[PDB]
There are 2 protein chains.
Amino acid sequence: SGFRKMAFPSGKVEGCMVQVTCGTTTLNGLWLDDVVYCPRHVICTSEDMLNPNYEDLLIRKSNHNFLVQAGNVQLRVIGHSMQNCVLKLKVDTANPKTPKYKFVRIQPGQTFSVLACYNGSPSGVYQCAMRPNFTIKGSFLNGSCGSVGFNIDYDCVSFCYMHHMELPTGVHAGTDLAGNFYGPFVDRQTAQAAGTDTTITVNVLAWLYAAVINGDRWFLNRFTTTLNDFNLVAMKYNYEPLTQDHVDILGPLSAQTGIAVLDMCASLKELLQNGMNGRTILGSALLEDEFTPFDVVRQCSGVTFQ
Amino acid sequence: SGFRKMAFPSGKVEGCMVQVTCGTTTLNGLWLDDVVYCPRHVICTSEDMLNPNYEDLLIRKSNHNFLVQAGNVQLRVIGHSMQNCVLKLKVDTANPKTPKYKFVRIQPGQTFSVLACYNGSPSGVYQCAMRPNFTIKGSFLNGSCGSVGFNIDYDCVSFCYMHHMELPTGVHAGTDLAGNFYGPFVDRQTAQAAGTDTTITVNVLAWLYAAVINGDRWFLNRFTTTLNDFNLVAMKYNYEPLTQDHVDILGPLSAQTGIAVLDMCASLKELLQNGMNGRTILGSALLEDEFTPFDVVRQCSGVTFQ
Ligand SMILES: *[C@H](O)[C@H](C[C@@H]1CCNC1=O)NC(=O)[C@H](CC1CCCCC1)NC(=O)[C@@H](NC(=O)OCc1cccc(Cl)c1)C(C)C
Ligand SMILES: *[C@H](O)[C@H](C[C@@H]1CCNC1=O)NC(=O)[C@H](CC1CCCCC1)NC(=O)[C@@H](NC(=O)OCc1cccc(Cl)c1)C(C)C
């Protein structure tokens, strides 16, 4: 037993991290087969950032302007292209450590592991959620751009995030691996703000099922509630609406604990209305929303990857 | 910016995990050079667990009783020995993925990353502390024994923990990699209990410095306090004593934030006496104690590993 904020094992991704240098800018890139993916603002200069036109910054570069380090080995760029907000640098060598992989664009509420990197070298791994406002609450310093977020499914790495920038509230914005920003953000140093965030209700319910699986039951109660009456309470406390689809997804957890989804909703209602009153759940004094139903089942039943 | 419960990149350790099977028992082992390390209770049978004498369970085994899987490859055991509570299986093949490594026995309060594994395959990674009562609050199911805890220092993996058993409060006990239990625990299924735990005070102070580095300052105040007067408050709230040595270790953080250690202690005092009163620190509504001063500096300045 026990319940931890668990990240996927990171080795498959560590083998893909490289350093990309252009001008005075160094960041991380992702080397899969013979292509290195990285944020396109690597081609920006210090004066170039209020309203850059990337289609030249790029038409003005030559391949030899791109310095790619794979550890103790320089990789030669033989071509470059831009796809939305990511650069793709064609190099003359295929990454022999290339895992089985997919690029996926995730929905808000979905979680993923982030391998934070500087100068092509991994620094740490942690677990994140895509917030409803399409930011992630990450841990990123200068040089971490191009670090990627990912999930692993048996043997396949599904990359879903690459890091680009930090917003004034200290939260983070980036793209999928095909270069499309999550949320309304753009890669230009102009006024931008996160927008109002909300709590991921289906994930909170999943984490309460995790708690029950692990022996915390103090928050359960008699009651039930309807979906409508639950969603009226959620909306006051700035929680995302719970859909019938969320309910079905919570089915396996409901069935394993014997607590109907709508009963767990009644418990969450009283937690929102009364608070926790000096008690904790799974070592937390807040309602945690960065575990999906799948994360809970994965961690509480022991799914592996190879 | 941002602050996350960060684990070390796990790839160097993933390359060392193997499956060990003996009789009806399957668990994980750690394959470094030509030796596989695993818990010695792998040689116990279902009837053998109330007071086993391992010196035979072992004298009765032959090498061919040990089934070791390195993925799709069976490893042949050519020798075995017991060191305290770990088995060492000499195999005929050296692990080519063997990193630079050390075995270290850590002090309570020190943190480490755990690569949770089942059947030799990694399941997830997370960050733990050795509690003052020498348990760890892990996430472990049947089959996770032999999963290891570790730190990374530039290029070197310092292994510090291997998992053995779960105590009735849902917390976990195990050994260093030379087989010595942390705490008073023994590998026999007889009555054992964790003992009273306490909060790791030096780590709480480090996490408050992390908060200041990251823009949470609401908890700072006028006051100062003496070490003695702080420790009188800590003892009432079941906190570990703060030593002058802890104070010196907190020096770099003190110097980077401009907040004297003893001033941060005055802040922690008021947090203990008044609570947080509906406010959070670094996304937590509790005082967090599983970041060391070194973790804070590592994450807030961007140290990497290669
Ligand atoms: C890349 O490694 C780096 C990572 C961040 C640095 C600190 N934490 C990070 O996650 N990214 C950056 O430094 C970007 C540079 C590019 C260059 C031009 C194209 C877009 C950004 N800069 C930022 O993240 C800055 N934030 C930012 O510009 O956000 C929008 C914005 C713009 C103007 C004015 C405001 Cl108030 C906000 C950071 C302030 C460094
Ligand atoms: C190995 O993969 C497994 C991992 C644990 C299973 C559930 N979570 C885990 O971390 N370890 C075990 O199953 C051990 C087996 C050995 C075999 C004999 C030598 C010592 C233990 N068993 C346990 O962890 C059990 N706990 C336990 O025995 O703790 C002390 C104890 C003993 C007697 C009575 C009490 Cl109340 C407590 C678990 C209960 C499975």
# chains A, B, ... in the order shown; residues from 1 in each chain; ligands from 1
>>> residues_near_ligand(ligand="ligand 2", cutoff="6 Å", atoms="only C-alpha atoms and all ligand atoms", output="PyMOL selection string")
(chain A and resi 1) or (chain B and resi 27+41+49+140-145+164-168+187-192)
>>> select_by_dssp(residues="region 8-257 of chain A", states="strand (DSSP E or B)", output="MDAnalysis selection string")
chainID A and resid 17:22 25:32 35:39 67:70 73:75 77:83 86:91 100:103 111:118 121:130 136 148:153 156:166 172:175 181 199 239
>>> write_last_selection(atoms="C-alpha atoms", output="compact mmCIF listing (two decimals), in the first residue's frame")
# COMPACT_ATOMS: atom_id res chain seq x y z
CA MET A 17 17.87 14.46 -24.85
CA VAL A 18 20.36 16.64 -26.68
CA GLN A 19 21.65 20.19 -26.46
CA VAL A 20 20.76 22.72 -29.17
CA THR A 21 22.68 25.97 -29.47
CA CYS A 22 21.96 28.81 -31.87
CA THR A 25 20.75 30.64 -26.93
CA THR A 26 21.15 27.14 -25.54
CA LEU A 27 18.24 24.80 -24.89
CA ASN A 28 17.23 21.12 -25.04
CA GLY A 29 16.04 19.15 -28.02
CA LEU A 30 14.45 15.72 -28.43
CA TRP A 31 16.35 13.37 -30.76
CA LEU A 32 14.15 10.66 -32.31
CA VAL A 35 15.38 14.45 -36.26
CA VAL A 36 15.92 16.79 -33.30
CA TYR A 37 12.78 18.59 -32.11
CA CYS A 38 13.11 21.83 -30.16
CA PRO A 39 11.22 25.10 -29.58
CA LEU A 67 24.95 23.34 -32.83
CA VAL A 68 23.59 20.04 -31.51
CA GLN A 69 25.40 18.10 -28.76
CA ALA A 70 24.49 14.47 -28.06
CA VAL A 73 29.31 14.00 -29.76
CA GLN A 74 28.40 16.89 -32.04
CA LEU A 75 25.55 16.09 -34.44
CA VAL A 77 22.37 19.33 -39.08
CA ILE A 78 21.61 18.50 -42.71
CA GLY A 79 18.21 20.17 -42.90
CA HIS A 80 15.72 22.19 -40.94
CA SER A 81 12.02 22.92 -41.07
CA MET A 82 9.43 24.59 -38.89
CA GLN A 83 6.16 22.93 -37.85
CA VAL A 86 8.72 23.59 -33.06
CA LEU A 87 11.88 23.35 -35.13
CA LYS A 88 12.78 20.02 -36.71
CA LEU A 89 16.51 19.63 -37.34
CA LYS A 90 17.34 16.74 -39.68
CA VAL A 91 20.70 15.31 -38.55
CA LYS A 100 8.98 3.17 -29.65
CA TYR A 101 7.08 6.44 -29.50
CA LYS A 102 4.01 8.47 -30.47
CA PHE A 103 3.21 12.18 -30.34
CA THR A 111 -1.35 13.88 -16.31
CA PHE A 112 2.16 13.24 -17.54
CA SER A 113 5.77 12.97 -16.42
CA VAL A 114 8.24 15.81 -17.11
CA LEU A 115 11.96 15.14 -17.50
CA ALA A 116 13.52 18.50 -16.64
CA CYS A 117 16.77 19.06 -18.55
CA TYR A 118 19.52 21.66 -18.86
CA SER A 121 21.33 16.64 -19.41
CA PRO A 122 18.40 15.47 -17.27
CA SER A 123 17.98 17.16 -13.90
CA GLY A 124 14.91 15.47 -12.41
CA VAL A 125 11.56 13.89 -13.12
CA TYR A 126 8.18 14.77 -11.73
CA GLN A 127 4.49 14.35 -12.39
CA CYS A 128 2.30 17.21 -13.78
CA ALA A 129 -1.26 17.77 -14.95
CA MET A 130 -2.45 19.90 -17.86
CA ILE A 136 1.15 23.30 -16.18
CA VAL A 148 9.44 17.22 -22.67
CA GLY A 149 6.42 15.74 -20.90
CA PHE A 150 5.35 12.18 -21.56
CA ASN A 151 3.42 9.04 -20.65
CA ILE A 152 4.49 5.43 -21.17
CA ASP A 153 2.15 2.69 -22.38
CA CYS A 156 5.72 3.01 -26.07
CA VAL A 157 6.56 6.59 -25.07
CA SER A 158 3.72 9.02 -25.82
CA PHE A 159 5.26 12.49 -25.86
CA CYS A 160 2.73 15.18 -25.11
CA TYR A 161 4.49 18.36 -24.03
CA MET A 162 7.56 20.42 -24.74
CA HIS A 163 8.49 23.39 -22.59
CA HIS A 164 8.62 26.93 -24.02
CA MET A 165 8.02 29.68 -21.48
CA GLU A 166 7.05 30.85 -17.99
CA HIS A 172 4.35 27.20 -17.49
CA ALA A 173 3.27 27.06 -21.12
CA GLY A 174 4.38 24.96 -24.03
CA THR A 175 3.34 22.90 -27.01
CA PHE A 181 0.57 25.55 -27.96
CA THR A 199 -10.06 22.11 -10.03
CA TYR A 239 -14.56 22.81 -9.84
>>> residues_around(residues="residue 280 (chain A)", least_positions_apart="4", cutoff="10 Å", atoms="only C-alpha atoms", output="JSON, numbers by chain")
{"A": [216, 218, 219, 276, 284, 285, 286, 287], "B": [285, 286]}
>>> write_last_selection(atoms="C-alpha atoms", output="short mmCIF file (atom, residue, chain, number, x, y, z; two decimals), in the first residue's frame")
data_model
loop_
_atom_site.label_atom_id
_atom_site.label_comp_id
_atom_site.auth_asym_id
_atom_site.auth_seq_id
_atom_site.Cartn_x
_atom_site.Cartn_y
_atom_site.Cartn_z
CA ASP A 216 -8.52 6.44 4.68
CA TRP A 218 -13.05 9.10 7.48
CA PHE A 219 -14.59 11.30 4.77
CA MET A 276 -11.15 18.79 6.19
CA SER A 284 -2.52 15.87 2.06
CA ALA A 285 -4.45 18.67 3.76
CA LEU A 286 -5.88 19.75 0.37
CA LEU A 287 -8.05 17.92 -2.15
CA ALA B 285 -1.58 23.13 3.20
CA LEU B 286 0.87 21.26 5.46
#
>>> closest_atom_pairs(of="chain B", to="ligand 1", cutoff="12 Å", atoms="only C-alpha atoms and all ligand atoms", output="CSV")
residue,atom,partner,partner_atom_place_in_ligand_line,distance
B:1,CA,ligand 1,8 (N),5.6
B:2,CA,ligand 1,8 (N),8.5
B:3,CA,ligand 1,8 (N),11.7
B:214,CA,ligand 1,8 (N),11.4
B:300,CA,ligand 1,8 (N),10.9
B:301,CA,ligand 1,7 (C),11.3
B:302,CA,ligand 1,8 (N),11.0
>>> write_last_selection(atoms="N, CA, C and O atoms", output="short mmCIF file (atom, residue, chain, number, x, y, z; two decimals), in the first residue's frame")
data_model
loop_
_atom_site.label_atom_id
_atom_site.label_comp_id
_atom_site.auth_asym_id
_atom_site.auth_seq_id
_atom_site.Cartn_x
_atom_site.Cartn_y
_atom_site.Cartn_z
N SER B 1 10.90 29.17 -12.45
CA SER B 1 10.46 28.94 -11.08
C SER B 1 9.50 27.74 -10.97
O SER B 1 9.33 26.98 -11.93
N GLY B 2 8.91 27.58 -9.78
CA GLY B 2 8.13 26.41 -9.43
C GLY B 2 8.91 25.45 -8.55
O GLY B 2 10.14 25.42 -8.53
N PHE B 3 8.17 24.63 -7.79
CA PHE B 3 8.82 23.68 -6.90
C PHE B 3 8.02 22.39 -6.85
O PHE B 3 6.84 22.40 -6.51
N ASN B 214 10.77 31.19 -4.37
CA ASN B 214 9.73 31.10 -5.38
C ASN B 214 8.59 32.10 -5.20
O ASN B 214 7.59 32.01 -5.93
N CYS B 300 16.39 24.59 -7.26
CA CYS B 300 16.26 26.02 -7.51
C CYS B 300 17.44 26.61 -8.30
O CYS B 300 17.33 27.75 -8.77
N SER B 301 18.55 25.86 -8.49
CA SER B 301 19.65 26.34 -9.33
C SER B 301 19.91 25.51 -10.59
O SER B 301 20.61 25.99 -11.48
N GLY B 302 19.37 24.30 -10.69
CA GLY B 302 19.36 23.57 -11.95
C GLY B 302 20.46 22.56 -12.16
O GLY B 302 20.85 22.32 -13.31
#
>>> closest_residue(among="A:71, A:108, A:96, A:9", to="residue 203 (chain A)", atoms="only C-alpha atoms")
A:108
>>> closest_residue(among="B:217, B:105, B:222, B:137", to="residue 182 (chain B)", atoms="only C-alpha atoms")
B:105
>>> closest_residue(among="B:176, B:33, B:229, B:155", to="chain A", atoms="only C-alpha atoms")
B:155
>>> select_by_dssp(residues="region 128-306 of chain B", states="alpha helix (DSSP H)", output="NGL selection string")
:B and (201-213 or 227-236 or 244-249 or 251-257 or 261-274 or 293-301)
>>> closest_residue(among="A:291, A:223, A:305, A:66", to="chain B", atoms="only C-alpha atoms")
A:305
>>> residues_around(residues="residue 246 (chain B)", least_positions_apart="6", cutoff="10 Å", atoms="only C-alpha atoms", output="PyMOL selection string")
chain B and resi 201-203+205+261+293
>>> write_last_selection(atoms="N, CA and C atoms", output="short mmCIF file (atom, residue, chain, number, x, y, z; two decimals), in the first residue's frame")
data_model
loop_
_atom_site.label_atom_id
_atom_site.label_comp_id
_atom_site.auth_asym_id
_atom_site.auth_seq_id
_atom_site.Cartn_x
_atom_site.Cartn_y
_atom_site.Cartn_z
N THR B 201 12.76 18.79 11.06
CA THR B 201 12.73 20.25 11.18
C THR B 201 13.65 20.94 10.18
N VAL B 202 14.89 20.46 10.03
CA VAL B 202 15.80 21.13 9.10
C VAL B 202 15.23 21.11 7.67
N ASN B 203 14.50 20.06 7.31
CA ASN B 203 13.94 20.01 5.97
C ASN B 203 12.78 20.99 5.81
N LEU B 205 12.50 23.86 7.25
CA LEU B 205 13.12 25.17 7.07
C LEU B 205 13.65 25.32 5.66
N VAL B 261 18.90 32.16 9.38
CA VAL B 261 18.28 30.88 9.73
C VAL B 261 17.37 31.04 10.94
N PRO B 293 17.96 20.55 2.52
CA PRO B 293 18.58 21.77 2.00
C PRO B 293 19.24 21.55 0.66
#
>>> residues_around(residues="residue 54 (chain A)", least_positions_apart="5", cutoff="9 Å", atoms="only C-alpha atoms", output="PDB file with N, CA, C and O atoms, in the first residue's frame")
ATOM      1  N   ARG A  40      10.942  26.635 -31.415  1.00  0.00           N
ATOM      2  CA  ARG A  40      11.444  27.513 -32.470  1.00  0.00           C
ATOM      3  C   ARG A  40      11.982  28.834 -31.930  1.00  0.00           C
ATOM      4  O   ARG A  40      12.740  29.496 -32.646  1.00  0.00           O
ATOM      5  N   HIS A  41      11.634  29.241 -30.696  1.00  0.00           N
ATOM      6  CA  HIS A  41      12.261  30.490 -30.237  1.00  0.00           C
ATOM      7  C   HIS A  41      13.762  30.365 -29.981  1.00  0.00           C
ATOM      8  O   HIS A  41      14.391  31.380 -29.638  1.00  0.00           O
ATOM      9  N   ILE A  43      15.752  30.367 -32.277  1.00  0.00           N
ATOM     10  CA  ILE A  43      16.348  31.202 -33.319  1.00  0.00           C
ATOM     11  C   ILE A  43      16.167  32.693 -33.051  1.00  0.00           C
ATOM     12  O   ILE A  43      16.701  33.518 -33.805  1.00  0.00           O
ATOM     13  N   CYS A  44      15.474  33.061 -31.975  1.00  0.00           N
ATOM     14  CA  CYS A  44      15.280  34.445 -31.566  1.00  0.00           C
ATOM     15  C   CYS A  44      16.541  35.021 -30.933  1.00  0.00           C
ATOM     16  O   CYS A  44      17.274  34.329 -30.223  1.00  0.00           O
ATOM     17  N   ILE A  59      14.452  31.597 -42.362  1.00  0.00           N
ATOM     18  CA  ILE A  59      14.959  31.656 -43.742  1.00  0.00           C
ATOM     19  C   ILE A  59      16.382  32.207 -43.782  1.00  0.00           C
ATOM     20  O   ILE A  59      17.135  31.900 -44.709  1.00  0.00           O
ATOM     21  N   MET A  82      10.246  24.150 -40.009  1.00  0.00           N
ATOM     22  CA  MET A  82       9.430  24.594 -38.894  1.00  0.00           C
ATOM     23  C   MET A  82       8.034  24.013 -39.018  1.00  0.00           C
ATOM     24  O   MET A  82       7.424  24.093 -40.089  1.00  0.00           O
ATOM     25  N   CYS A  85       5.124  25.749 -33.798  1.00  0.00           N
ATOM     26  CA  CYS A  85       6.119  26.404 -32.961  1.00  0.00           C
ATOM     27  C   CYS A  85       7.301  25.510 -32.587  1.00  0.00           C
ATOM     28  O   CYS A  85       8.025  25.838 -31.641  1.00  0.00           O
TER      29      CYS A  85
END
>>> atom_distance(atom1="CA of residue 247 (chain B)", atom2="CA of residue 4 (chain B)")
23.7 Å
